[PDB]
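> before I ask anything, here's the sequence and the deposited coordinates:
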Amino acid sequence: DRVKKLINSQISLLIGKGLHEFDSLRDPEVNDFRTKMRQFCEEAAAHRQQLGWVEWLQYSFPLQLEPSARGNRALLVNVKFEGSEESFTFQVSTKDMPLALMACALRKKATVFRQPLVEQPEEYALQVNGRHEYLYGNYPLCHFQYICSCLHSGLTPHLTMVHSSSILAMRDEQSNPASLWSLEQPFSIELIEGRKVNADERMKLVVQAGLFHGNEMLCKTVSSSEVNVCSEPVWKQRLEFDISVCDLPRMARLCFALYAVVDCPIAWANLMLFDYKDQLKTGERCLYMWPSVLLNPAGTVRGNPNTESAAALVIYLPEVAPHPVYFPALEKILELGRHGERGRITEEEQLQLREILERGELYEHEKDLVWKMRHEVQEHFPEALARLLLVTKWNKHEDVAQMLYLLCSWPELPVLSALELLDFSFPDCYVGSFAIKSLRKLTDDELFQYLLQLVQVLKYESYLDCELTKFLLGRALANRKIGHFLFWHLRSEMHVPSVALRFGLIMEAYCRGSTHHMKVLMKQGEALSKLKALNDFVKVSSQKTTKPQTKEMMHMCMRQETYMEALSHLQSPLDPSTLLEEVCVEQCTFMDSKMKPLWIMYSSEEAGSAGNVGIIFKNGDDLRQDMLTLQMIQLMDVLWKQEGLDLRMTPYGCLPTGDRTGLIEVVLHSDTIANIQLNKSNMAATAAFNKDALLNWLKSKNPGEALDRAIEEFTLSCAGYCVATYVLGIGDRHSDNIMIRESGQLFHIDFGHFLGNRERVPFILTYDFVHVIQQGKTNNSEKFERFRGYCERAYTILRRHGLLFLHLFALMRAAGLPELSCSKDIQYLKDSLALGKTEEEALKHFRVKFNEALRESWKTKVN
Ligand SMILES: COCCS(=O)(=O)Nc1cc(-c2cc3c(c(OC[C@H]4CN(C5COC5)CCO4)c2)COC3)cnc1OC
């Protein structure tokens, strides 16, 4: 009642769109989605409210494990009990399970409190101090990201013994409140007129139209007559396509493009021929067009919401029957496709078929063999499904039904095959559903790794109520970390009108399933809102006065009650495990770059040294490419680690949150190469030669025996970053966008240009880094060639996963990133990974590239 109303207003402020606007559309598809998804999400909320206490830890604090541990040494740990002022430090082994550490902690408590305890270690979980992170399960301590991280930095793990009753009180606190195949006539539409058309009066107006099944044409494109340029052009002409109404596939889309001719692009618009209830569309349609930047089949199938300014093409869909006509039900489809001729071929053609199914464009005769032998593709080459789907004639209902019959008894495919099938090249809904079925086996860790791409896929969907939305919602409601990033990936695109309805509707549905998480995300939004206002202040102030003056005023503004309250005690949007507790106003500042990004520091007494975390708030730039590049660098690190190779990478968080707005994770104890190379006097790193500065800095940060492992960290990370930047074509690399951690770890920042952006980016070897790798010596081939080996190993591991990078980048094309919009961009990846060559041919080629980069480094070594 009063709560229903509050939650509704809270969801509205959270998603950045009033719920009343969904009702105002009076759209039955929108109303059905809201009803269906609200129900689906409320069932997940009820399922969760009754979860066991370990299951509720699996939901809220999913395990953060080392990639090499998915599916021996002395260790010092500090353990306290919940709300106890006293802790206990004790030696454990890296091979010990959390349970042994717990039994240890419980025996200590029994002896200090002089009483034999009722408690068993099974009734407890271990929280990482001041973090929404927990250690539980039968995994050795070294398998946990937190422990493993503490071991490299030499830090002592700090853990809190949390009872099951405490966890069950968290679960209770966070509770939700109380017949077409008959119609043989050619496809046709009436092109009535246009409205609000703005163009050069010297020219004429033409409407190009085409029927598509994804990006493939179903027939040849057709064009209207040339009508004189005016605000309201009138055609009233029938456009006739070469394709029977019975041949129209379920996912057929009618695409329009309006242009001015003497070409000159003005606008475009698409629509689905069948609705969400499978009915073949009849009557008049007003298409509110999107301004063009020749047809756009990949474009959205919903009209431009800016009705007041947008051009509108009025069309008529004919009543080809006196009663409604729905697309045949699956039972009628299987009944038609059931009957086929099983292909029988020679042993010679059997080797030729094997050759092409294991080989990727084909010749016509090669496509006919695949289609002839489709039954054998199902039985002996099921991973060749995508190649089979590409030869299927989508403009012939008899061929489509035969394809669908084989697909409905097709064995589930590996995750890598299923990711390829979500591409827009496979637009059929049954293929789409099959691809989601083979993706249900994804682990939460795999799903997390590919979520950004699966959210981009939502922009290729033709209808709101889809298998991918239910799958993303179900997985979001089952894992709080998936939930968090699903929300932010959707929320960050609400300023984009083509997606605002889809995205707003999914977030509302999500909020229905988690009232508590909605309130938690609102706290995140309240902090971001304040940051925007604070950053606006800084942008204006930085142009009018000195930096000490702007920094002081920034501080006074932060010191206001409203600011101190909104900016404190929130989960980080960059990582929900990270708690941003007390903002340290004195340690906050801003950068000197164009957008004057804010540098916000936090502290947490409960987390200790681990609670000292920073975020960078940046407003003015599109942060989506930075996020993608960094996610690709993190994926590389995961693949390398799975082959036992740790190149000591720094894939720091980067998250868009709003319109040209986002956060970047601060890596503390790091400085740019440019700052270190300044070679300021009265510093511990002051050098005799500028080439010594970076090694002297490493020396002051790592005294005595520590220097040796810092040079190794630098070498390892340098090899990984040399490989990452080359493979991804990261260019415009200089001293101010390369950083170094005190540990020796090198890392890259500011990924605004990738995939060659257009020039093939050569491999880069910088003399200042070769100097450190060589331990400051002129000649140190032992050290240098050990670095080349790290580079080669890293490169050949990525190649073996080349299809994964290709599949994920192809899915990203949906995002609309200016540097990832066609085949030219994916070609850079195919080239840089040398995927068309053998491992020997590719490795030899990488060596030609690495050697060319060494001779280039020698042009600076000569001086
Ligand atoms: C278009 O200009 C690109 C640069 S930007 O700043 O505008 N934006 C940006 C910043 C960062 C990034 C990330 C990290 C760090 C970092 O350091 C920059 C300073 C910070 N300095 C301390 C002294 O007070 C602040 C020390 C010297 O380096 C920067 C450190 O850990 C992670 C990444 N990407 C960016 O954009 C996409």
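Structure's in. What do you need? Numbering: from 1, shown residues only.
> taking the stretch 601-750 of the chain, what residue is nearest to the ligand?
residue 667 (3.4 Å; CB to the nearest ligand atom). C-beta coordinates here come from the backbone N, C-alpha and C atoms, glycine included.
> so who does that residue touch?
Contacts here follow CB atoms under 8 Å, 6 or more residues apart in numbering; on that basis residue 667 touches 650, 652, 739, 741, 747.
> so what strands line up beside whatever helix or strand the last one lives in?
When secondary structure is defined by DSSP states H and E, residue 747 falls within strand 746-748. Sheet pairing of strand 746-748 (DSSP bridges) gives strand 738-741 (antiparallel).
> buried ones in the strand holding residue 747?
746-748 (16 or more other CB atoms under 10 Å).
> what do you get for stretch 364-380?
366-367, 369-374, 376-378.
> what segments of the stretch 601-750 of the chain are strands?
613-619, 654-658, 661-665, 670-672, 738-741, 746-748 (DSSP state E, counting those that start in this stretch).
> helices or strands next to the second one in the packing?
By that I understand strand 654-658. Packed against strand 654-658 by the contact rule (3 or more CB pairs under 8 Å, 6 or more residues apart in numbering; DSSP states H and E) you find helix 480-491, helix 515-544, helix 624-642, strand 661-665.
> with distance to the ligand added, can I get the ones you listed in a markdown table?
Listed next are the helices and strands packed on strand 654-658 as a markdown table, based on distance: least, CB to the nearest ligand atom, whole Å:
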| stretch | distance to the ligand |
| --- | --- |
| helix 480-491 | 17 |
| helix 515-544 | 12 |
| helix 624-642 | 5 |
| strand 661-665 | 5 |
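> run through who's touching whichever strand or helix holds residue 793.
With elements taken from DSSP H and E, the one containing residue 793 is helix 781-799. If you take CB under 8 Å, 6+ apart as the criterion, helix 781-799 is touched by 636, 639-640, 643, 645, 647, 715-716, 718-720, 722-723, 727, 770, 773-775, 777, 805, 833-835, 839, 842-843, 846-847, 850.
> between that helix and helix 624-642, how many degrees?
110 degrees (axes from the mean of the first three to the mean of the last three CA atoms, to 10 degrees).
> next one: helix 781-799 to chain centre, how far?
29 Å (CA atoms, centre = their mean, to the nearest Å).
> and if you look at stretch 565-584?
That offset, for stretch 565-584, works out to 22 Å (CA atoms, centre = their mean).
> neighbouring contacts of it?
Here stretch 565-584 has contacts from 61, 64, 128, 130-133, 480-481, 484, 488, 520, 523-524, 526-531, 558, 564, 600-607, 611, 613, 615, 653-655, 657, 663-665, using CB under 8 Å, 6+ apart.
> how about residue 535, nearest residue that isn't a chain neighbour?
Sequence neighbours aside, residue 619 is the residue nearest to residue 535 in space, at 5.0 Å (criterion: CB to CB, 6 or more residues apart in numbering).
> just the buried residues from the contacts of helix 781-799, in ChimeraX please.
In ChimeraX, this line selects whichever of the contacts of helix 781-799 come out buried by 16+ other CB under 10 Å:
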select :636,639,640,645,647,715,716,718,719,720,722,723,727,770,773,774,805,833,834,842,846,850
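> can you list the residues of the chain near the ligand?
589, 591, 593, 597, 599, 616, 618, 626, 652, 664, 666-667, 670-672, 675, 739, 749-750 (CB under 6 Å from any ligand atom).
> what about residue 284, how many residues nearby?
Neighbourhood size, residue 284 [other CB atoms under 10 Å]: 10.
> ok, residue 748 - contacts?
721, 724-725, 730, 733, 737-739.
> mind redoing it with 7 Å?
721, 725, 730, 737-738 (CB atoms under 7 Å, 6 or more residues apart in numbering).
> gap between it and residue 682?
30 Å (CB to CB, to the nearest Å).
> mind putting the strands of the stretch 601-750 of the chain in a markdown table, distance to residue 810 included?
Listed next are those as a markdown table, based on distance: least, CB to CB, whole Å:
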| stretch | distance to residue 810 |
| --- | --- |
| strand 613-619 | 28 |
| strand 654-658 | 21 |
| strand 661-665 | 24 |
| strand 670-672 | 34 |
| strand 738-741 | 30 |
| strand 746-748 | 24 |
